[PDB]
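Overview (structure and organization)
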2 protein chains.
Amino acid sequence: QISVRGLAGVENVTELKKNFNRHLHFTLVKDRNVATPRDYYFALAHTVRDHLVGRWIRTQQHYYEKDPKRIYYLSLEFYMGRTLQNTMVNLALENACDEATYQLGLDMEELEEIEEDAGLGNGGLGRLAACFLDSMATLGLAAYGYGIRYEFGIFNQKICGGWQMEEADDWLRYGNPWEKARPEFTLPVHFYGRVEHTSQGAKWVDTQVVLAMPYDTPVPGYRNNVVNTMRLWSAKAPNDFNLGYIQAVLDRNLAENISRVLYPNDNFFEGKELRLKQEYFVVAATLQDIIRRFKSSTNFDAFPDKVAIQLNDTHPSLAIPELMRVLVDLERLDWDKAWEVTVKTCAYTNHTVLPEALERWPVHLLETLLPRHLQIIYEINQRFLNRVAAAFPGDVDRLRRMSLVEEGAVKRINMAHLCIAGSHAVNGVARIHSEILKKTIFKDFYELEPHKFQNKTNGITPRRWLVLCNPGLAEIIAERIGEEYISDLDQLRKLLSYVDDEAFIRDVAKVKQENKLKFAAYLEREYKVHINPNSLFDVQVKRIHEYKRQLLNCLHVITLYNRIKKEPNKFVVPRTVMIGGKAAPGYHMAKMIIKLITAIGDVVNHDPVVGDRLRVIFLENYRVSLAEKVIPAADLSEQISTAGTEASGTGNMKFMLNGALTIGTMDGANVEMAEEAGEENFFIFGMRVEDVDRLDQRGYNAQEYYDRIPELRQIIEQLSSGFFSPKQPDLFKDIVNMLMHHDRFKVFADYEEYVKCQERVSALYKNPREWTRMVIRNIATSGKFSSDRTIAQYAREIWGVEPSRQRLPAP
Amino acid sequence: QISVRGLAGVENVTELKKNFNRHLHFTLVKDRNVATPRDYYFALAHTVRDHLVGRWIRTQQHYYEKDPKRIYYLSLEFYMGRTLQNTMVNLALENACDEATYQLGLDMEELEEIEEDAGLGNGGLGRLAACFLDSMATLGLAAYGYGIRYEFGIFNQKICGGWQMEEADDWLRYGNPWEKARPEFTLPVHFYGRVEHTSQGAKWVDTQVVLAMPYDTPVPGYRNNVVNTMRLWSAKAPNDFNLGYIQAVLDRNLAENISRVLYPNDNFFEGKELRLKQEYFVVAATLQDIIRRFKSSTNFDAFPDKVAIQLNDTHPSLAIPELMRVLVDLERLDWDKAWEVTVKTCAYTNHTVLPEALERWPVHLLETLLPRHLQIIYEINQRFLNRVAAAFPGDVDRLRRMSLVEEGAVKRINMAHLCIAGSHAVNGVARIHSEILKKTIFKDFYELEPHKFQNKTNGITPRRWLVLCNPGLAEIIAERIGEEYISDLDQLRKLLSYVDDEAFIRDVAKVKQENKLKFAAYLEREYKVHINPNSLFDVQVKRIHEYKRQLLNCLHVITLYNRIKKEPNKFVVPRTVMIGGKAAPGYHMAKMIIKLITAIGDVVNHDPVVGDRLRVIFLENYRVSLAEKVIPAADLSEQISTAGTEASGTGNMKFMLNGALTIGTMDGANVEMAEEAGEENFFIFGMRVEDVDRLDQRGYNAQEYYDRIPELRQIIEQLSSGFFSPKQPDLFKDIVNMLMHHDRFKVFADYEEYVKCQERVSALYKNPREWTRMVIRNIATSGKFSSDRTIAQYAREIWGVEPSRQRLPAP
Ligand SMILES: O=C(NC(=O)c1ccccc1)N[C@@H]1O[C@H](CO)[C@@H](O)[C@H](O)[C@H]1O
Ligand SMILES: O=C(NC(=O)c1ccccc1)N[C@@H]1O[C@H](CO)[C@@H](O)[C@H](O)[C@H]1O
Ligand SMILES: O=C(NC(=O)c1ccccc1)N[C@@H]1O[C@H](CO)[C@@H](O)[C@H](O)[C@H]1O
Ligand SMILES: O=C(NC(=O)c1ccccc1)N[C@@H]1O[C@H](CO)[C@@H](O)[C@H](O)[C@H]1O
């Protein structure tokens, strides 16, 4: 149908059809009379999967012969989503499969909807890992993603009576055709025990053993015949485990619980033992695998020349003392040499400055679970603090501030401090964030070792986030500037010469309208909700957090409603306001915010005076597959975090690439997005970081805003009196109390500027031609935000490897 | 190489080779440079498996069109063993695969050794189910085996310091290529809750739900293109299970524990809740599946014309009240009609008369777990006892004896009584056993309903137990009488005309010697034990039980040793005495017997005066795959249970078919084996059932035998003094005490006749020609003991279906 989806050649389609039929018979053990849509999906998945095999074997064989430096990306989260369409895109098989299935009497799009998301992540951090894997393969790097194979990913969200309910995400129920179990490469992991000091070094003895069984998933590069590996570890009990008899067998579950479920808490560090076990489990298994592969290439001087380990946040921070343990205790290297190797191989990426999210493990927990690692951490700290003392003599408070060991009620280990000490590179994820790191929370470390601190602005893959989810837009772009931009997104700048092109303006606007109609139809079929497709699609999708300020959005929505009720016969630009995202199960306030959104919808969506001029919809079960549907349909992207709180954001970049305009604060990557597009083409509002600081010095008093802004007063009175909860008048008292007395994120302070800015958005939307011209200016300058750019920078500036766009020979 | 293994045609071998290479690449994701023997096994398994697919689909399609009466074999155990060779045999692919692998540079026999046994059974009962499945497919019956997919089968046995250690049998570690998961056919099973009585009948409410997910395994018939199904249920938690959040997800394991592990206790009924859950789980899921299939064929009058349910022991006895529950509560049939249907569809097979093994469930357990079923059981009992009262007026003691409800300390339900009441047929498993049932434990029921009671003498499949495990013997037989005997074992009678054939005598003896050399070599390689291949191979392999009298064997072994020590320079026929079998983990005495056997070996095997004239070896980890190795190598089969205790035995039949002579009591099928072969060709000794009864009337006094037999006295003094345990002198005091004071099985009473009979065995072995002639007379009369004969009798006399040897059309 469309050019970017590849060729549908006669021999290719014929071969695909017969292999589809073969799999339906031999693999699924079905025939056409009894086969269901799910069976057809699996037949297609196996057919496409076959095409990865030759490329996967020869890519890994190529790395063995060429022996390049290997990149190991360690993360507790890989938010992969669906794999079928992505695989077809990267292999140039999409049109061929579309034709093959069509001739079989099947709709491929219908089959694609059957696939479960691999939801092995919470949000931004997990999805970054996934985009990074795609970019590393596309850029021909010898890269490996290492994580945990959770049997249950992020929970499925159900909304019941307006409240979030959590349901287990049993994603493996029907099987996962994309993984390959490798039980032959199973490795032991040790827990508990004690440390013995013999004449020749320390010995970690009397340990409990849990086995780590790897599952490998292929990661294809874009049309370059490279297929890299994501290896995820699964926990298995040893066969002599606990070995009355029946109970011993049943107790195997305790060991295997390590890989059972993804921790869904992305707001607050809890310090749970099971989470610590997960973190060590992934680290210990991975490092054995790394060292094994290195020895197959005696002397560890060359280790950093052949290995780079990237730590995605502090979650895999135990890699640092584990590498030291292996080098000192097992390989018998001297401490100083081992430390040199460790620092040169490890690098650390930070994703937040909010203190409550930072990992600070109780010493008593590490003492019991990982006694040797605690000893190593103490020695690292002692040697590090001796360096600080030499550099800043007499500065005793610096010594307490920089210590890896935090004193107090319970002694804790600061894992961020551990990461800085043991890494040659530390990076933030957007320019403003990386600057905040150097100026605030890591200032002491920056003064000691300035050379360690870097910026690597986040990005998104244009394969999933344009070609896959928005083929209409990809096609009209390709018509003008060709196909090269898909792996070189900076070429989008060439679209600036089409900003006054009447045909292109019409085409961009047409694609958006079709996307909106498609999504409006999806909402009616799968959720039975009715929306006006001609309204402005106002979208805020992301995890529910106070700092992300879904509440500020809520205040604007109520303002719009109240203004309509005040002047019903006055014209307003029609809006569909969509808010979606999951709340961490233990995050009370976030759960209350979800309830508020639905409660507003109940009032607004059923007011006859409002009509179809304003709709408020909560998007249930927001996840990667839903993002691929809603983002291409959006007109307005809400990126409204308090300045200095969102490290980068990546949803923002997805919206920019897909033809939405952005209303946002100068926070995270928003700053660089406005810089690229021009501030005139962005709807910037609110306090800058400096303004937040000034307000903090004075002390934030919300009552002042309440007293001075009558429209704000009305809303708070409505919330307090039970206007949005007639049966439970005091339902939202927790929300009001927080806003008035304990609001860390200064919602009221940005209210006036936000409302005014929103008026300017509505004014532009009244002029379709000028709206679209501004959209073109955004799409055309989105190039910087390709994860290909991001990865090239990691490669050159941290890992010491050169990216390559050169094809591997076709199988 | 040999004729019975089929043709190796040029096109067949070429096709097998390319499909092997295809699977190695696309299925295993390996190449020849990195592939291990395990990879090659899996490539071969997938290649052979492909050949089952077409036949499996069309067999099941054939049953849909023809709509025959369906046979449902319900068992908690299916002791399947390995599948690769059996599949090749039944599909006539063995020679073709042997050639294909040879040309690839691989040894197929080496690859076969990699496959794990599917050890989903304890012993005889589980293995009978497996032979029955093979025979039902071979005889073209529309039969389905229904059971549980245990993740852990019967434990692997390790011997450490002479003691049994149990190790988890993680048989699914590398995957099971022979199963097909069918998550689409998942069914709910209910537990706990309460009963509500509404205007229209009873209602079972507030239940806990566990899901039953089916896995299907193909069961190919012998060269008839029939492929039946064994469906095994796996336990899954519902997704809203327990749905702080993390704990709810982790608690899913509790529901899924139902299918975790096979209960290894085959001696004593324990009354554990988890076992009751397993029993209901299999019954509830199976019956839904049965009814679903029946409705697809409103009126249940035809149900018994289209459905037969065979209960393998009382383990699936809950089928009776569950069928009543569905018919009365859900289908709204009147009680009398439902009862008529139930009786006509159900049949029950008993496997032991020993009281301690009989299932008698505490009422309080059923009350909590299955409250509706308890109510139904009470009503069944009340109506049954009303029939007894009418038939035998005034006989109040008969009323208490026949009741399904047993009074006492704790009230219990007798599941055997439930089975008799609710079945149209009740059978024992050998003629003597079926007679004992009518005369003793079920006498009251026989007097009430004589027509219900039948015999069905057990059998073994000649595919696994001759063609597969002893191709040498199969071949020399085929040379004389052709191949028809493999599916018509009665044709073995034709070998009687070769008893004086000098060539045949030589060939039979040659095959046995080759088998003995092969097994002697296996022992050296995998266990490092050395045996004389020229010695008489004296074998007792079966589960360790007091009634099976491994202890009597032990006494003979010590007698032989003592006699050698008495007269060292006197000639004795050299013997290798091999004893093997697992003990139930909680069976103390059985564990002591294993220790005794190894303790005897430690003394005997290291006495220089003995030399190679006597060796005592304990065969570790006895299982189906080991049976296939040891049985063809045996000269003497030990079948020495106390008369009236072994219901049938099936190991006995395996030895007879493979050229061993039998030393045995007149117990179980031994009686019919001696009848078929002639008593002159069997080594029969010891008390008959009548003699045991007479001794019981007098009272058994072991001291009498001790006082009168000096050779017996010596042995007991050796055991007591610490001759076989120098470091722990009183180690065997429990064994001596039992023998002297509390021996239920009268070991001493058969000692003298046993020793004398063993002398007659040694005398015959000194005459190789006459030994082999007697062997020929045994093999030639083993025809009756084919499970094909057994199944034909079940079909005609219980199920009301006609067997068929007619081929289904080739795919
Ligand atoms: O799970 C996979 N996955 C793949 O083959 C694969 C191939 C390419 C890309 C991703 C997965 N293969 C599986 O390997 C097992 C064990 O050997 C087989 O029994 C099974 O038939 C096969 O599907
Ligand atoms: O998503 C997370 N964090 C988590 O999901 C998380 C998970 C476990 C514990 C704490 C936080 N952080 C997010 O990481 C992305 C990628 O750099 C940024 O764009 C975003 O600003 C940040 O908040
Ligand atoms: O497990 C089986 N078994 C069989 O195909 C089979 C065929 C014949 C006989 C026995 C098993 N097939 C499996 O079905 C899953 C889910 O559809 C696939 O992902 C996998 O590749 C395949 O091996
Ligand atoms: O094997 C068992 N029983 C068990 O394995 C068992 C299992 C669980 C609970 C009780 C007994 N019984 C055996 O069943 C076979 C087949 O009919 C007979 O030949 C044999 O005589 C009998 O002891």
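Residues numbered from 1 in each chain as written, not as in the entry; some residues may be left out. Chains lettered and ligands numbered in written order. Heavy atoms only, no water.

Formally: UniProt positions are given in the numbering used here, feature names are shortened, and annotations may be inferred rather than shown by experiment.
For chain A, the name recorded in the PDB entry is Glycogen phosphorylase, muscle form, with Oryctolagus cuniculus as its organism. According to the PDB record, the title of this entry is "Glycogen Phosphorylase b in complex with N-benzoyl-N'-beta-D-glucopyranosyl urea". Heading Function of the UniProt record for chain A holds this comment: "Allosteric enzyme that catalyzes the rate-limiting step in glycogen catabolism, the phosphorolytic cleavage of glycogen to produce glucose-1-phosphate, and plays a central role in maintaining cellular and organismal glucose homeostasis." Listed in UniProt under the heading Subunit, the comment for chain A reads: "Homodimer. Homotetramer; to form the enzymatically active phosphorylase A."

1. Concerning the side chain of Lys452(A)
Residue and element names in this part refer to chain A. Filter applied, for reference: What counts as a helix is a DSSP run of H or I of at least four residues, what counts as a strand is a run of E of at least two, and both are numbered from the N terminus. The buried label applies to any residue whose accessible area, calculated with a 1.4 Å probe on protein chains only, is under 20% of its type's maximum; exposed applies above 50%, and partly exposed to all values in between. Throughout, a residue-residue contact means that at least one pair of heavy atoms, one from each residue, lies within 4.5 Å.
Following the sequence through the fold, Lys 452 ends up in the loop between α18 (443-448) and β19 (453-455). Judged by relative accessible area, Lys 452 falls into the buried class, the value being 3%. In this structure, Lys 452 is in contact with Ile 420, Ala 421, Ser 423, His 424, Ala 425 and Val 426, ignoring residues within four places of it in sequence.

2. Considerations on the site of ligand 1
To keep things clear, this is the line we draw: The criterion for a residue being near a molecule or strand is simple. One of its heavy atoms has to lie within 4 Å of it. Pairing of N or O atoms within 3.5 Å defines a polar contact, subject to two protein rules: one partner must be a possible hydrogen donor and the other a possible acceptor, and residues neighboring in sequence count only if both atoms are side-chain atoms.
Taken together, 14 residues lie around ligand 1, and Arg49(A), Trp178(A), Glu179(A), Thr27(B) and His46(B) are the ones closest in. Of the chains in the model, those with residues near ligand 1 are chains A and B. Note that a nitrogen atom of ligand 1 is positioned 3.3 Å from one of the side-chain N or O atoms of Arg49(A). Note that a nitrogen atom of ligand 1 is positioned 2.9 Å from one of the backbone N or O atoms of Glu179(A).

3. Some details on the nonpolar core
Our working definition: Here, the term nonpolar core denotes a set of buried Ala, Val, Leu, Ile, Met, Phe, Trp, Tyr and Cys residues that are joined through side-chain atoms within 4.5 Å.
In this structure, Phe281(A), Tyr485(A), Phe748(A) and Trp799(A) are the most contacted members of the largest nonpolar core, which totals 263 residues. The element best represented in this core is helix α9 (residues 273-295) of chain A, accounting for 12 residues. What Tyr485(A) contacts, discounting residues up to four positions off in sequence, is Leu466(A), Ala474(A), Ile477(A), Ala478(A), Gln491(A) and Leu492(A). Listed in part, the 262 residues of the second largest apolar core include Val89(B), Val388(B), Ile460(B) and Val610(B).

4. Side note on the sheet that holds strand β24 (residues 661-664) of chain A
Across a sheet, paired strands are connected by hydrogen bonds in the backbone, their directions being either parallel or antiparallel. Residue and element names in this part refer to chain A. Stated formally: At least two bridges found by DSSP between two strands are what make those strands a pair. Axis angles are defined between N-to-C directions and span 0 to 180 degrees, where every axis is a line fitted to C-alpha atoms and, for a helix, only to the segment in contact.
Ordered in space as β22-β21-β20-β23-β24-β25, the six strands form an open sheet in which the pairing is parallel. The two strands at the open ends of the sheet, each matched to only one other strand, are β22 (614-619) and β25 (683-684). Bridging between strand β21 (residues 575-580) and β22 involves six bridges; their strand directions are parallel. In the sheet register, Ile 579 faces β22, and the bridge partner there is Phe 618. Lying over the sheet, helix α32 (residues 768-780) contacts β20 (536-541), β24 and β25, oriented at roughly 80° with respect to β24.

5. Digging into the site of ligand 4
Residues and elements named next belong to chain B. For clarity, the cut-off: Surface exposure here means Shrake-Rupley accessible area, sampled with a 1.4 Å probe, where a residue is shielded only by the protein chains that are shown. The residue classification treats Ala, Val, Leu, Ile, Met, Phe, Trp, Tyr, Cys and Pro as nonpolar and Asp, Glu, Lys and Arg as charged. All others, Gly included, are polar. What marks off one domain from the next here is an automatic or database domain assignment.
Around ligand 4 lies a shell of 17 residues, among which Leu 125, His 351, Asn 458, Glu 646 and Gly 649 are the nearest. A distance of 2.8 Å separates an oxygen atom of ligand 4 from a polar side-chain atom of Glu 646. One of the backbone nitrogen or oxygen atoms of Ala 647 is found 3.3 Å away from an oxygen atom of ligand 4. Within the complex, the protein chains bury 89% of what would otherwise be the 520 Å² of accessible surface of ligand 4. Tallied by class, the residues present in the shell around ligand 4 amount to five nonpolar, nine polar and three charged. Looking at which domains feed residues into the shell around ligand 4, each of domain 1 (1-459 + 787-810) and domain 2 (460-786) gives three or more.

6. Considerations on unusual backbone geometry
Residues and elements named next belong to chain A. Phi at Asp 67 is positive, roughly 45°, even though this residue is not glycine. Along the chain, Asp 67 falls in the loop between α2 (37-66) and β1 (70-74). Here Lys 528, not a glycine, exhibits a phi torsion of approximately 60°, which is positive. As for its placement among the helices and strands, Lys 528 is situated in the loop between α21 (502-527) and β20.

7. Let's talk about the relation of the copies chain B and chain A
Keep this limit in mind: Note on alignment: the copies are superposed with a least-squares fit restricted to their C-alpha atoms.
By a simple turn and slide, chain B fits onto chain A: the slide is 0.0 Å along the axis, the RMSD is 0.0 Å, and the turn is 180°. With respect to symmetry, the two chain copies, as superposed, fit the operation of a two-fold axis. Closest approach to the rotation axis among the C-alpha atoms of chain B is made by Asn253(B), whose C-alpha sits 3.6 Å away. The share of interface residues of chain B whose copies in chain A are also at the interface is 100%, consistent with both copies meeting through the same surface.

8. Concerning the environment of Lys452(B)
All names here are of chain B. A C-alpha to C-alpha distance of 18 Å links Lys 452 and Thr 790, two positions 338 residues apart in sequence. Reaching out from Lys 452, the side chain makes a polar contact with the backbone oxygen of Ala 421 at a distance of 3.4 Å. A distance of 3.2 Å separates a polar side-chain atom of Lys 452 from the backbone oxygen of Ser 423.

9. Details of the sheet that holds strand β17 (residues 412-414) of chain B
Residues and elements named next belong to chain B. A sheet is described by the order of its strands in space; here three strands give the open sequence β15-β17-β16, paired in antiparallel fashion. For this open sheet the edge positions go to β15 (360-362) and β16 (405-406), each flanked by a neighbour on one side alone. Judged from the two bridges that link them, β16 and β17 form a sheet pairing that is antiparallel. The residue of β17 that forms the bridge with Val 405 is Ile 413.

10. A look at the interface of chain B and chain A
For the record, the criterion: Once two parts are put together, the accessible area they lose, assessed with a 1.4 Å probe and summed over both, is termed the buried area. When a carboxyl oxygen of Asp or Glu lies within 4 Å of a side-chain nitrogen of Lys or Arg, that pair is called a salt bridge.
In this complex, chain B contributes 46 residues to the contact, which on the side of chain A involves 46 residues. The three residues of chain B that bury the most area against chain A are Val29(B), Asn239(B) and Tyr245(B), which together make up 16% of that side's buried surface. A salt bridge links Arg252(A) to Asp170(B), with the shortest nitrogen-to-oxygen separation between them at 3.8 Å. In this structure, the connection of chain B to chain A is made through 12 residue pairs in polar contact. Contributions of two or more residues to the side of chain B that touches chain A are made by α1 (10-27), α2 (37-66), β6 (163-167), α7 (245-250) and α8 (252-256) of chain B.

11. Comments concerning the pairing of strand β6 (residues 163-167) of chain A
Regular strands have side chains that alternate between both faces of the sheet. Residues and elements named next belong to chain A. The pairing of strand β5 (residues 156-160) with β6 spans five bridges and is classified as antiparallel. Note that in β6 the partner of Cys 160 across the bridge is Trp 163. Connecting the antiparallel pair β5 and β6 is a turn made up of two residues, with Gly 161 showing a positive phi of about 60°.

12. Observations regarding the packing of aromatic side chains
Selection rule: Two aromatic rings, drawn from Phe, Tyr or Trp (for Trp, its six-membered ring), form a pair once their centres lie within 6.5 Å of each other, and the interplanar angle then sorts them: stacked below 30 degrees, edge-to-face above 60, tilted otherwise.
For the structure on display, the rule yields 50 aromatic pairs over all chains. On the basis of an interplanar angle of 70° and a centroid distance of 5.7 Å, the ring pair of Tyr245(A) and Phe155(B) is categorised as edge-to-face. Of this pair, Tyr245(A) sits in helix α7 (residues 245-250) while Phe155(B) sits in the loop between β4 (143-148) and β5 (156-160), which puts the two residues in different chains. Under the relative-accessibility criterion, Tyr245(A) is labelled buried at 9%. For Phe155(B), a relative accessible area of 0% puts it in the buried group. Consider the rings of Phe723(B) and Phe724(B), whose centres lie 5.1 Å apart with planes at 80°: the pair is edge-to-face. Taking the relative accessible area as the measure of exposure, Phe723(B) reaches 35% and is therefore partly exposed.

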